[PDB]
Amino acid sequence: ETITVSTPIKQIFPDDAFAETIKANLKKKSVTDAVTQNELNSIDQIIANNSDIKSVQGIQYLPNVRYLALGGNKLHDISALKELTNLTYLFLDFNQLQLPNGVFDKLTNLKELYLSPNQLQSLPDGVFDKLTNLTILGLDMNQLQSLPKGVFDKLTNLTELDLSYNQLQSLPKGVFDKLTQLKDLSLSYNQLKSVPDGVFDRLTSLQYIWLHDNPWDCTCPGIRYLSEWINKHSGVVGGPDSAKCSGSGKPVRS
């Protein structure tokens, strides 16, 4: 998407907070001034942390953004960016943003994505699947409450995956089973009580992990597998003393 002629900044970027951010990036004098299409091309990255941004509308017009960093109270229509295949890096930190349908389907290039708590309190089916090159996935603090089986299944080059700070109570079987290259996985600060037998079974290139601060069900006939894995691997950041039972502390023999 683009522009025929000169034009005022504020006509492209109706979000007042966004327009201000764009002007600073463009070495503007104000918000009023018209901008050439080439100027939009010049900017390759955007980094803002204002509470007053509610829309990146007009984000689409600048194709050569490779790197987007945004934090705010609320973000309303990240639809503007569903068309940027030039963005390798996307960091979104907001109290709520709204996941359109298929938003991620066209940014094949980006390798690192950090998301935020969305409307549905969950991740929509097939959210990430167009995302092959993505190597880093931050879901920390998204407040997610469940997981859609196969959500991660198309994410092979996935170096790491942060699921800390959500309200997950269980993990779908073979949720992790499609990432050969995963090195570090964080599952701390959730509501896990137990994990699917064999969840971590295919996690070879896996170096570090976090398990503390989940309410694990410590009854004898289930968690033995989990205990065995902990006893039989050393990627446990914070040290296996960390993860703990209801009533007890460490996990333990039995």
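The numbering used is simple: start at 1 and walk along the sequence shown.
Worksheet entry | Entry-level comparison of average CA B-factors, 94-102 and 142-150, reporting the higher stretch | Going by the record's values, the stretch with the higher mean is 142-150.
Worksheet entry | Mean temperature factor over C-alpha atoms, higher-scoring stretch between 215-223 and 42-50 | Result: 215-223.
Discussion item. Looking at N190, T32, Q57, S186, which one carries the largest C-alpha B-factor according to the PDB entry?
Written reply: Reading the PDB entry, the winner on C-alpha B-factor is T32.
Worksheet item: Per the entry, which of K82, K74, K111, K178 tops the list for Cα B factor?
Response: Max CA B-factor in the entry, restricted to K82, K74, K111, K178: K178.
Worksheet item: For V199, does the deposited CA B-factor place it in the lowest, middle or highest third of the chain?
Response: Tercile = highest for this residue's CA B-factor.
Discussion item. Ranking every modelled residue in this chain by its Cα temperature factor as given in the entry, which third contains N133?
Written reply: CA B-factor rank for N133: middle third.
Item to complete: Please rank the C-alpha B-factors of the chain's modelled residues and tell me whether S122 sits in the lowest, middle or highest third.
Response: Answer is middle: the recorded C-alpha B-factor places it there.
Worksheet item: Once the chain's modelled residues are ordered by C-alpha B factor and cut into thirds, is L182 in the lowest, middle or highest one?
Response: Answer is highest: the recorded C-alpha B-factor places it there.
Worksheet item: By its CA B factor, does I78 count among the lowest, middle or highest third of the modelled residues in the chain?
Response: Ranked within chain, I78 CA B lands in the lowest tercile.
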